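An overview of the molecular structure
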Amino acid sequence: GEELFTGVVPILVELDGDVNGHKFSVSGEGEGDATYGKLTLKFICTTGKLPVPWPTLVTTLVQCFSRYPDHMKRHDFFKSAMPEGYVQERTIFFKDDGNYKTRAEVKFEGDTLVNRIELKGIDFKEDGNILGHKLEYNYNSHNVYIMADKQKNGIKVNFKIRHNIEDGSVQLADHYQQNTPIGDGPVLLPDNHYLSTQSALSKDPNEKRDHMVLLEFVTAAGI
């Protein structure tokens with residue numbers, strides 16, 4: 001897959017979610033430039049108002065677009081699984097609140113890199129920081145820790161996202177991730193390393209639908 005990410009690739013994102021019964025759908029389009037670990041996307045809630053804060057959806061809403069330096073190419077599982085793609089599953093535990101469980105398939109459909117997602121959220125407090133919409137519209141920089149999972153011929157991923165709360169406090173979201181290939185072809189199983197992330201959220205001053213504009217940079221490191 002390395003060769004498939006040398007230039008600007010277009011991206012399409014589709015998420016179907018249900019959090020405590022509140023059903024919703026999100027669509028997103030943009031492009032990724034893995035050579036600069038760059039992502040520019042704009043997401044729309046296609047069913048109306050989003051029943052959770054936009055930032056809680058950022059991790060769910062294409063790590064194959066992370067910049068893997070030359071001396072780490074042999075560790076880029078994400079791109080190695082292309083174009084057949086890979087399944088990405090997660091369990092996001094929101095401290096003192098509910099948890100999201102997600103399953104997605106990211107692969108190529110012609111030239112378009114597609115991320116199809118199903119998200120299920122349960123045990124949220126209808127009046128907590130998530131359902132009550134008390135998280136600020138911003139995003140911090142984190143370190144995504146990656147590990148090989150030889151027995152599953154995939155990887156294991158763990159990290160902690162810190163969502164700023166409107167009162168100055170912090171809402172922790174423990175991420176437990178698993179990625180496995182969709183094809184029966186070989187993939188790169190990586191030594192331990194991590195991805196350094198940063199995201200900036202903004203609004204489109206001409207968009208009336210509930211939405212999020214995301215600019216994100218990610219680069220592999222730790223080796």
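Right, let's walk through the structure included here.

Some points on the packing of aromatic side chains
Inspection of the entire model under this criterion finds 10 aromatic pairs. Judged by centre distance (5.9 Å) and plane angle (80 degrees), the ring pair of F77 and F78 falls under edge-to-face. You'll find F77 and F78 in the same group, each marked buried. Seen from their ring centres, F77 and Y86 are 6.0 Å apart, and the 45 degrees between their planes marks the pair as tilted. An aromatic cluster is defined as three or more aromatic residues linked by ring pairs; in this entry it consists of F5, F65 and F108. A cation sits over an aromatic face here: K79 above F5, 5.6 Å from the ring centre.

Concerning the nonpolar core
Ranked by internal contacts, the top residues of the largest apolar core, which has 56 residues, are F24, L57, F65, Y100 and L113. A per-element tally of this core places strand β1 (residues 9–19) first, with 5 residues.

Looking at the side chain of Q88
Considering the arrangement of structural elements, one finds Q88 in strand β4 (residues 86–94). Accessibility expressed as a relative area gives 9% for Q88, which makes it buried. The residues touching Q88, leaving out its near neighbours within four places in the chain, are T59, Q63, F78, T102, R103, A104, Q177, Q178 and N179.

What about the sheet that holds strand β7 (residues 142–149)?
Ordered by their spatial adjacency, 11 strands build a closed barrel running β1-β2-β3-β11-β10-β7-β8-β9-β4-β5-β6, and the pairing between neighbours is mixed. Neighbour-to-neighbour, the strand axes of this sheet turn through a mean angle of 20 degrees, independent of strand direction. Here strand β8 (residues 154–164) pairs with strand β9 (residues 170–181) via 10 bridges, running antiparallel. Its bridge partner lying in β9, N164 is registered against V170.

Observations regarding the side chain of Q171
With respect to the element layout, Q171 can be found in strand β9. Setting aside residues no more than four positions away along its own chain, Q171 makes contact with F94, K95, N129, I130, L135, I161, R162, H163 and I165.

Details of unusual backbone geometry
The omega angle of the peptide bond from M82 to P83 is 0 degrees, so this bond is cis rather than trans. Structurally, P83 is set in the loop between α1 (77–80) and β4. One non-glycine residue, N20, lies in positive phi territory at about 55 degrees. By the element assignment, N20 lies in the loop between β1 and β2 (22–33). Exposure remark for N20: the relative accessible area of 23% places this residue in the partly exposed category. Even without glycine at this site, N153 takes up a positive phi of about 55 degrees.

Here's the deal with the pattern of salt bridges
Counted by the stated rule, this structure contains 10 salt bridges. We note a salt bridge from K23 to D18, for which the minimum N-O separation is 3.8 Å. The exposure class assigned to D18 is buried, which follows from its relative accessible area of 15%. As a salt-bridge pair, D76 and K79 come within 2.7 Å of each other at their nearest N and O atoms. Just as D76 is buried, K79 falls in that class too.

A look at the pairing of strand β11 (residues 211–221)
In this sheet, β11 lies alongside strand β3 (residues 38–45) in antiparallel orientation, the contact comprising 7 bridges. Following the sheet pairing, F43 is matched in β11 by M212. Summarising the sheet, strand β10 (residues 193–202) and β11 pair through 9 bridges and their orientation is antiparallel. From the neighbouring strand, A200 faces β11, where its bridge partner is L215.

Topic: the environment of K73
When you line up the elements, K73 lands in the loop between β3 and α1. Non-local contacts of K73, meaning those with residues more than four positions away in its chain, are made with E2, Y68 and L188. A distance of 2.8 Å separates the side chain of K73 from the backbone oxygen of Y68, its partner in a polar contact.

The rules behind the values
- Residues numbered from 1 in each chain as written, not as in the entry; some residues may be left out.
- Heavy atoms only, no water.
- Residues with missing side-chain atoms left out of burial classes, pairs and counts.
- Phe/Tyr/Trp six-rings, centres within 6.5 Å; stacked < 30°, edge-to-face > 60°.
- Buried < 20%, exposed > 50% of the residue type's maximum accessible area, 1.4 Å probe, protein only.
- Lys NZ or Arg CZ within 6 Å of the ring centre and 35° of its normal.
- Core = buried A, V, L, I, M, F, W, Y, C linked by side-chain atoms within 4.5 Å.
- Helix = DSSP H or I, 4+ residues; strand = E, 2+ residues; numbered from the N terminus.
- Contact = heavy atoms within 4.5 Å.
- Pairing = 2+ DSSP bridges.
- Axes fitted to C-alpha atoms, helices over the stretch in contact; angles between N-to-C directions.
- Salt bridge = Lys/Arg side-chain N within 4 Å of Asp/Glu carboxyl O.
- Polar contact = N/O pair within 3.5 Å; in protein donor to acceptor, adjacent residues only side chain to side chain.

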